[PDB]
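Analysis of the macromolecular model
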Amino acid sequence: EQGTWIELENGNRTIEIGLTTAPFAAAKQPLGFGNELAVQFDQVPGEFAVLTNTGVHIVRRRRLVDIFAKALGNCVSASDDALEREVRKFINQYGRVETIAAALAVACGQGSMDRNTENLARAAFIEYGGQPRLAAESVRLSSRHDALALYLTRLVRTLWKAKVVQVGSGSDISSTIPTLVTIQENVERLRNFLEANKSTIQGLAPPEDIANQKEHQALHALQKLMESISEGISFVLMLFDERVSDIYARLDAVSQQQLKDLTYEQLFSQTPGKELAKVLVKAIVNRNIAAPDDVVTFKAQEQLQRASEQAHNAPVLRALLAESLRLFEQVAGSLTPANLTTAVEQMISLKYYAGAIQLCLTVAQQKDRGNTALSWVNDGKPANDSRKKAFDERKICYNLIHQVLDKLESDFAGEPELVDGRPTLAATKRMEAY
Amino acid sequence: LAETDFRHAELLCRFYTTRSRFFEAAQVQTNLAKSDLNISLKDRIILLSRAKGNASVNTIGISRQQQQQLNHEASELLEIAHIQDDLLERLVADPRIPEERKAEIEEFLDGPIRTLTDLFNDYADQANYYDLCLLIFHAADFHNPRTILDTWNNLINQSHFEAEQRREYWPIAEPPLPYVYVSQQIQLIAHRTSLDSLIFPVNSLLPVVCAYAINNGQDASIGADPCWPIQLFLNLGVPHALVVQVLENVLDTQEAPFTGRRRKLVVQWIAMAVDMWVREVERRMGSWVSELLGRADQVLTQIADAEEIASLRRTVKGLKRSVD
Amino acid sequence: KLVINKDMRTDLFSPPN
Amino acid sequence: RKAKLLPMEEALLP
Amino acid sequence: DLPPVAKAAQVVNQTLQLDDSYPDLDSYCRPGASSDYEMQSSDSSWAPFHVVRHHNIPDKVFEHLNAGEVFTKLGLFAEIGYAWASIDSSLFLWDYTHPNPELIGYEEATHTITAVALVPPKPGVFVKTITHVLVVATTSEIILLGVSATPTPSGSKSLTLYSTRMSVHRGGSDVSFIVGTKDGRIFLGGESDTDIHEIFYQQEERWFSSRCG
Amino acid sequence: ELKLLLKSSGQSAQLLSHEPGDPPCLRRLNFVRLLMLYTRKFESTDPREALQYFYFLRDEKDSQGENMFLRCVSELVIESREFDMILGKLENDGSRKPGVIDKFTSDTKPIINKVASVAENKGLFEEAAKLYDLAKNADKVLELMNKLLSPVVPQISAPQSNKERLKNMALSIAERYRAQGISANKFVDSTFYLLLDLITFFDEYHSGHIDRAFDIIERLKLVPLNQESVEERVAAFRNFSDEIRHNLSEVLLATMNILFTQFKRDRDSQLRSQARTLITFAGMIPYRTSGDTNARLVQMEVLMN
Amino acid sequence: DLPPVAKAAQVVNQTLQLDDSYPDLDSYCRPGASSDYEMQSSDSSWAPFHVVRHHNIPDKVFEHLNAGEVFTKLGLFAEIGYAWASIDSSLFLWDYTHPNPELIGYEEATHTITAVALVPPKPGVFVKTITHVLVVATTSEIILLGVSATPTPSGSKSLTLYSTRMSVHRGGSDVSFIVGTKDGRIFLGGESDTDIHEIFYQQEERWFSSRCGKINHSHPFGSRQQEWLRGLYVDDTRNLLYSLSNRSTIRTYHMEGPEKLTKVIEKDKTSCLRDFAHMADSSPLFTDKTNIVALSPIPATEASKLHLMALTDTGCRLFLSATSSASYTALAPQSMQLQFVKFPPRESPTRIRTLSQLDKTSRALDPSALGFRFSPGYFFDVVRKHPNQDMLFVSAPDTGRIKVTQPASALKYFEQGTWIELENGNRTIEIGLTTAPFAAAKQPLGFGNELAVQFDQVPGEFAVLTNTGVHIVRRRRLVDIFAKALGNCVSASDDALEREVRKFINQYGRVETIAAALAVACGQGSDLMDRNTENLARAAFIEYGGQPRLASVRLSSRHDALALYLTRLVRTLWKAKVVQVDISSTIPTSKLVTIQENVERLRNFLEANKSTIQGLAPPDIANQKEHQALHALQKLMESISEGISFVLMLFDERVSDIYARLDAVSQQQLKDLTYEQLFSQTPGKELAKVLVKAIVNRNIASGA
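Residues numbered from 1 in each chain as written, not as in the entry; some residues may be left out. Chains lettered and ligands numbered in written order. Part of a larger assembly, values for the part shown. Heavy atoms only, no water. Residues with missing side-chain atoms left out of burial classes, pairs and counts.

Per the PDB entry, chain E is named NUP155, and its organism is Homo sapiens. The deposited PDB record carries the title "Composite structure of the dilated human nuclear pore complex (NPC) symmetric core generated with a 37A in situ cryo-ET map of CD4+ T cell NPC".

Chain A is annotated in the PDB entry as NUP155 of Homo sapiens.

What follows is the structure, given as structure tokens:
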């Protein structure tokens, strides 16, 4: 135990003592329950109201980072080998890893001149972080690495294994909006500290060797997780900033059920999570329309969606259509069969036959500029060959062209090619298309 | 009583400000910071910071000119006092300095506000505090394009070194990669300079940062965003129309390090910049941008990562459509 | 008003007297 | 426009 | 083998398991005894706790306290940041976080107040805007009041009292201790004996029962 | 529709003409003009029918590249102002009931911006916001919503006022933008939620809920209250949206008048210290009506002592 | 005894080791908890992230989306810059980086699409030009499509689709989650149950086996209660697969073989809560009412013990370790334990700029709806406090403070954080990495050193997909922050710079700060006024670089900064072999060019300021060794440039031809020649003199 005596100035009798903050709990079972260290960035430190006959005194629990920061505050004016002395006290009690994790935290603005203290914490994180070594292939990473993994973990512990959303029929977010922002701000602070000291942190800059190399690899991995964590949170905040359940209602079931049991861990560090994020953003992009390649494709869908939402103004409709086609063609080579089909169908509905056909041809030519398809047909289409793919991607475009021409003769079934002498509008679209 | 007691001049300033004679208060707060009285420098920073506020709003009876005449004077001194404070703070914590001299400095600096000449020569320039040297140039309206640029180069290199030594050591927490710390030291000036054209000349500084990003290999090799020099300046408030105007000038001259197959990276910058430009117009430029993106495409064929280039050409031709 | 004078300064890295 | 699906013959070897 | 963010996620998972393996109370308080302390001076940078602020009792209750004839008592509602003082048959609440607090008084009580407590309400009895129930025990009755401690808007919870028309005879056994459960059960005890009493209360009026027992 | 009509390439020609590079015995019809005339008659009060005829122009463009059908729908919406009917009404619950144009093309993102773009150019911000919000273009919605809020931040929110009618739409856009996880760039977005907090700060201030209003301003960390925060808060003001710096004058005075009232009701030292802080901040900040404001702030601090 | 370049090479080797000693994640996330944050306004120059551009969803996609009869869905393919939208039985892909994209439509499917994913292909199955496999899951079947995402001149992948005849009937279990492994294995899960399926496929058709098959790895039977999945997550570095259930149960599966999947750990929320209760700091932010909304695997390259991050709906990041029962027979873990918790920050987002115990009670991230983590710890949290507007909390490790912290026992999970606001109506759907995965080293020590890789790999960028568009968020480096901050000091005093510089020194230390100034002075960060910023950076490098002193000498921080910057410019080269034997070059030529340009710009900077920079001009013992040390570094720089030019010259010829007509000893010497030896050791110089003497001989045979 750690203890102290508090004297509230004489003549007043204590009457009652009550908890003002939320009840402490680091875990939901006895194991892990009392770990104050794990929650010093999730939970407010415990505050206690002490009622006497003269007033209420407020008593606050002090965390590791609070003690470490104030102790460093006593080393500012003091010596050089006085810091080493003060740090060893912490090491002999909390252990090297816990101690360095505290220094990292204080360097990042956690803690109770404050600049001198933060610089001192930074200095401790550098000079006392240890180094990687091999055991008895296998390497034991530095305490500096363990400290970093420890600090990062504690920032995301509330949400890591948590489901991203809650579903009753189309609704809620598991972790509150304001807490995700703070978690994000905390992580971005950490990232910033790493970059702002890329030069002086050992293992961050590029590099006995196997030790320092695997140290360098492990630190790199941690940093990629952080930016992934930041992106992931930035993504979930974007979800609930738009009309969410509207997307959900108009989803699959595998897409609906993948989102149901999606954890933050999966979003942060697993492929199925990235894939679903892509599905979701794709949905909100093809709805406001309802990488300069992935950006343009969205604007094109937005242009085409607005065209269909019109009262038919040759100027406005033609403009939107013409531009939509302009954009799609710029990203022809990247268009997926699903996006191409929907686009063509929308253009067909707006009587933009020629335009639709021109897009399909362009897409066919861009997914195969070497004409692997022409040679594969000129060679008799040998099975087991790998130009088939190139031919298939053109056949999907050619089929869609059939649908356009089909719908054209259908839409204009019974329409005359000439009225009062000159050609109609239905005739000119037939000529323009063909 | 204000003439010989700081804590009584405090009330006289409070007396005026409850009555809403704001100018008369800033008039005393400023005249008090310039005084010969025993007042700490950090208090004089408060005085000038309050004086700048009290002289920012109209007060009944006092002119607009005399109001700004006092706000400008107070603001100038506050900028200087902030340099002097940040300077002293760093000099005292500088291991390179003897503990005997540090006391001699602290007595001289920790009080009245000295001239930028005194702050630069006997202190800032000697210690090779390149960042604070630039703040002095800005605060002094220092007209010289070269020395401003030479100081920027030294500030970038010294910053890159401090960050690479740290990364080599890891040092309590994982330090940042070099360009991150370099990026921090520019942002710190950018907000603090308020983006004056003299000490922050994008015409020259952006090529320097882009050159540093190549000559020191701060790119995809270490997991960095290859377009981090563009991302830096755009987010700092530099106009899109200017950034693309500079990258245009870089892509044609082909002065080193912007030569050979490294120009593949110049086009990536141009794609990012222009892309962020059309996305900022479609959210809310002429022939010369279309002339460039098409000319940027010759570079990618002239260089023909076989799939990276191919994918990049289709990002350029996408932007050419978005502008025309 | 700034005037650089590298000529005669005071050694920032040497004590006084 | 429905995406052109090039054949399996090109896709898979040999 | 494994990509970067996947390797890191493994370290994170293991690290999470390390923190969640912090020893349980049973395993460091095993049968036996201990006197293990590291004492710290109150002003030390190592102090495990410290005083952060004090809030003086407002003068308007010091006046009422000295106006007391027979009985006075003080108490705390720390979970909503309120304190209270009873003077004979009168009760006064106030927010101690506030610098110039208003007194919320309840002087309907006819007999001396002996205990008061703040308890969760029974579900499905009151409107949702009622966060708590205020139990006031006198030498004659146990009185229930509705309470809304909604957070308007800056420091502590703005507080309003609501009458309920729920009261029980106190009976022969003094009430000095009132405690409440998560689900709004109210238990009573005191200094006359060891018996534990419970207060039931209901929404409906029934002919055979009562709203409050 | 039978590829028999000879359309006139140029749209600047007369209704009937003979192309210069064609034989003299054939003539050409300016089909685009033909439909444009017929439509103007019943395009004003019969939009639905007009669109049916505009569709035949889907296959044609103009000199500027716009799709003729899309342009005709833009002009028909600018004139008729039939947004709910033709474009689909986006209710304040998050639904988008499709419009009549949805039948003809599914890519309705451009025209909704076209129509939103002009109405924006005609100072009709309250409409341009509803239209941009219909296309889920939050970059523009929040931009315009910043302009409509800043003037009304310190105003008195009274029944049916222009504050209520704008605040209530902004909140209906805050929920639908959080429940759907939508957001513009942090600059536009940060300012938008910041104004919403300030609007709450004055709505509590004008109601006399001094304690509650003081707590809100404290969270925002916009005005320093302890001398240590002055340096950082002053630097932040430099890069905060001018829609915020505009209302700095009224914020300082309300906050001061808040401390001012609480003083007349140790604590005295604490209010006195905070009073000072506001002054020094205002002294170092050049802002709107800094003259009258800095003076009043100093007077209110003198009465405290 | 030891010449200049060999002395400077010694400094490089020791600097490389210093960067590779950056603390590993386990070391600063030790058992316990943390709430350490420094929050930055999003408009501040110190912001750790910022939005660089946005891409609206194409209008045609809005037309299809509002034409949806029953079901719609959006998603991201951030690896290739593509997004997708499904409408009932139709799918549409598009390049979101393109300003006016064309929609790649695919409408062969007969039933509603419920999931879509882009995974790697199975090796030895498809033509090499097929870069990915597109998995499309409907309510009736799963469909595989070949994909070729070849880059274009514009910088955005060209996407073409190939049919495969590969498909399998779905069955009774919904498919909402699809993930792929590095080797092309495809795993499936959904909202019907917790079972995990795998899709197999092969090139050859057999009479006893189809080209495409599906199996249930869970082998369920008997009594089963209601429970389904919220997500699937892969970690190739450990051959693990994780699932998260709607009851917040975490299941770990191990791939003991190319076709096997074995469940090895099952940890329910009660177990997590029990671990949490045994920790010193318990909190009301994590109870039996709390939900885990997302997981994020942590790879073995980043950390040995910590395997997984779990995010609660209250915003707590739970970091879990996993351990095997033994040390030998990949080895499967058998236990998982909650070890460390990062609690939420306290500062909420504000329009106006507002002004040491463990904070375990903050509600700032409550509720957290979506969460993502990317190495080395970039964290994105979608906070949904209001049902219309999402708020994005984004944080990174404070790499600068972590690197300087001393001793190791003082290490904590320091973070830099910020709030990015999305406009009203923006609902975030997904967030994905657009750049290459971050890695500063190949093992936990050194892995997270952002500072070391500032100039070797572009800053990380992340695509945030919403229902209205795609927003690009970019990580900011120290040099980006330093340059931006100095840009604000252009119009200020001599003391204004010194004040801003002192902020950097207190966080990053003097060496890292001066190295950033040197980098900015050399044009780093300018790929984003600029002459004045670079001149300010020069002024900071001179004025605050320190000086040499007697303790054997302690060189100035200006010298260490130059050594640190130079080392990081060549860290990918130094210890690498020059060649790979058909002989080729280990380092791509394009990378050698940029490195050389960076070294030369550094040299050019020193020459243009030989008169104003202390130590360059000749000067008592302290300044002497300062001059000698700086001289040695400059001799190494020119040697580096000469060495790189020599390698480029070599491969412009026909090296394999030269290598053939060569003696064995010289073939062996060239086989294991490193760049360090070429730059700083006589044998590299002697061998270089042999190769030049040999290339000209060959050049004469070609006789061009």
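As for the overall build of chain A
Summing up its helical and strand segments, chain A has 18 helices and 10 strands in all. On C-alpha atoms alone, chain A measures out to a radius of gyration of 32 Å, which is more than a quarter above the 22 Å that the 2.2 N^0.38 rule sets for 434 residues. Dimensions of chain A, computed from C-alpha atoms along their principal axes, come out at roughly 110 × 60 × 40 Å. (Helix = DSSP H or I, 4+ residues; strand = E, 2+ residues; numbered from the N terminus. Rg over C-alpha atoms; globule rule 2.2 N^0.38 Å.)

Let's talk about the pairing of strand β9 (residues 132–138) of chain G
Residue and element names in this part refer to chain G. Of all the seven residues making up β9, seven are buried; the element is thus mostly covered by neighbouring parts of the structure. Burial along β9 is two-sided: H132, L134, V136 and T138 and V133, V135 and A137, pointing in opposite directions, are all buried. Summarising the sheet, β9 and strand β10 (residues 141–150) pair through six bridges and their orientation is antiparallel. Each bridged residue has a counterpart across the sheet, and for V133 the counterpart in β10 is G146. In this structure, the hairpin formed by β9 and β10 is closed by a connection of two residues. (Buried < 20%, exposed > 50% of the residue type's maximum accessible area, 1.4 Å probe, protein only. Pairing = 2+ DSSP bridges.)

Some words on the arrangement of the chains
For the 13 pairs of chains in contact, the largest share of contacts goes to chains A and G. With no contact formed, the shortest span from any C-alpha in chain A to any C-alpha in chain C equals 19 Å. At the level of C-alpha atoms, the two units chain C and chain E stay apart, their nearest approach being 35 Å. (Contact = heavy atoms within 4.5 Å.)

Topic: the sheet that holds strand β14 (residues 186–189) of chain G
The strands making up a sheet associate through backbone hydrogen bonding, with each pair oriented either parallel or antiparallel. Residues and elements named next belong to chain G. Here four strands make up an open sheet; going across it, the order is β13-β14-β15-β16 and the pairing antiparallel. The open sheet has two free edges, formed respectively by β13 (177–180) and β16 (212–216), since each of these has just one partner strand. Neighbour-to-neighbour, the strand axes of this sheet turn through a mean angle of 25°, independent of strand direction. (Axes fitted to C-alpha atoms, helices over the stretch in contact; angles between N-to-C directions.)

Let's talk about the pattern of salt bridges
Per the counting criterion, the structure on display carries 136 salt bridges over all chains. For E118 of chain A, the salt bridge is made with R401 of chain G, and the minimal N-O distance between the two is 3.5 Å. On the criterion of chain membership, the pair formed by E118 of chain A in helix α4 (residues 114–127) and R401 of chain G in helix α4 (residues 399–404) is interchain, its members lying in two chains. The same class applies to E118 of chain A as to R401 of chain G, namely buried. Residue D62 of chain F is joined to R318 of chain A by a salt bridge in which the shortest nitrogen-to-oxygen separation is 1.5 Å. In this pair, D62 of chain F is assigned in the loop between α2 (47–54) and α3 (68–80) and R318 of chain A in helix α13 (residues 314–330), connecting two distinct chains. (Salt bridge = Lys/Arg side-chain N within 4 Å of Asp/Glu carboxyl O.)

Looking at the interface of chain A and chain E
The interface is formed by 58 residues belonging to chain A together with 43 residues belonging to chain E. Contact between chain A and chain E buries roughly 4,600 Å² in total, counting both sides, with carbon and sulfur atoms accounting for 61%. Where chain A touches chain E, the interface holds three salt bridges. Between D19 of chain E and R154 of chain A there is a salt bridge, with the nearest N and O atoms lying 3.0 Å from each other. With seven residues, strand β4 (residues 55–61) of chain A is the single largest residue contributor to the side of chain A that touches chain E. Residues belonging to the side of chain A that touches chain E are distributed by class as follows: 26 nonpolar, 18 polar and 14 charged. Bridging between strand β1 (residues 2–4) of chain A and strand β1 (residues 38–40) of chain E involves three bridges; their strand directions are parallel. Bridging across to β1 of chain E, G3 of chain A finds its partner in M39 of chain E. (Buried area = accessible area lost by both parts, 1.4 Å probe. Nonpolar A, V, L, I, M, F, W, Y, C, P; charged D, E, K, R; others polar.)

Examining the interface of chain G and chain A
Each side of the interface is counted separately: chain G has 331 residues, and chain A has 277 residues. The leading source of residues in the side of chain G that touches chain A is helix α3 (residues 269–278) of chain G, at 10 residues. Summarising the sheet, strand β7 (residues 157–160) of chain A and strand β22 (residues 306–312) of chain G pair through two bridges and their orientation is antiparallel. Note that in β22 of chain G the partner of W160 of chain A across the bridge is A310 of chain G.

So, the packing of helix α11 (residues 271–288) of chain A against helix α12 (residues 292–308) of chain A
Residue and element names in this part refer to chain A. Running from N to C, α11 and α12 point in directions that differ by 35°, and their axes come no closer than 6 Å. Along its contact with α11, which presents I284, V285, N286, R287 and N288, the element α12 presents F298, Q301, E302 and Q305. A breakdown of the residues in the contact of α11 with α12 according to their chemical character gives three nonpolar, four polar and two charged.

Remarks on the packing of aromatic side chains
Here the distance between the centres and the angle between the planes together describe a pair of aromatic rings. Using the criterion set out here, one finds 81 aromatic pairs over all chains in the structure. Between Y28 of chain G and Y413 of chain G, the aromatic rings sit 5.6 Å apart at their centres with planes inclined by 55°, giving tilted as the arrangement. A residue is classified by how much of its surface remains accessible, and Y413 of chain G, at 0% relative accessible area, is buried. Their ring planes at 55° and their centres at 4.9 Å tell us that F380 of chain G and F462 of chain G sit as a pair that is tilted. Of the two residues, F380 of chain G is situated in strand β26 (residues 378–383) and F462 of chain G in strand β30 (residues 461–466); the sequence distance between them amounts to 82 residues. With relative accessibility at 0%, the residue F462 of chain G sits in the buried group. Above the face of the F41 of chain A ring, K342 of chain G is positioned so that its terminal group lies 4.9 Å from the ring centre. Taking the ring centre of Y413 of chain G as reference, the NZ or CZ of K342 of chain G above it sits at 4.4 Å. (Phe/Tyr/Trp six-rings, centres within 6.5 Å; stacked < 30°, edge-to-face > 60°. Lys NZ or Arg CZ within 6 Å of the ring centre and 35° of its normal.)

Topic: the nonpolar core
Soluble globular proteins tend to bury their nonpolar side chains together. Residues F125, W160 and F235 of chain A together with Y28 and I402 of chain G are the most contacted members of the largest nonpolar core, which totals 595 residues. No other element matches the 13 residues that helix α7 (residues 209–239) of chain A contributes to this core. (Core = buried A, V, L, I, M, F, W, Y, C linked by side-chain atoms within 4.5 Å.)

Points about the environment of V133 of chain E
One can find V133 of chain E in strand β8 (residues 132–138). For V133 of chain E and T110 of chain E, which are 23 residues apart along the polypeptide, the C-alpha to C-alpha distance reads 20 Å.

Concerning the sheet that holds strand β6 (residues 90–96) of chain G
If you walk across this open sheet you meet the four strands as β4-β5-β6-β7 (chain G), and the pairing is antiparallel. Pairing within the sheet leaves two strands with one partner each, and these edge strands are β4 (72–77) and β7 (104–106) of chain G. Ignoring strand direction, the axes of neighbouring strands in this sheet form an average angle of 20°. Across six bridges, strand β5 (residues 82–87) of chain G lies against β6 of chain G in antiparallel orientation. For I87 of chain G, the partnering residue across the bridge sits in β6 of chain G and is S90 of chain G. Docked against the sheet, α11 of chain A engages β4, β5 and β6 of chain G, running at close to 120° with respect to β4 of chain G.

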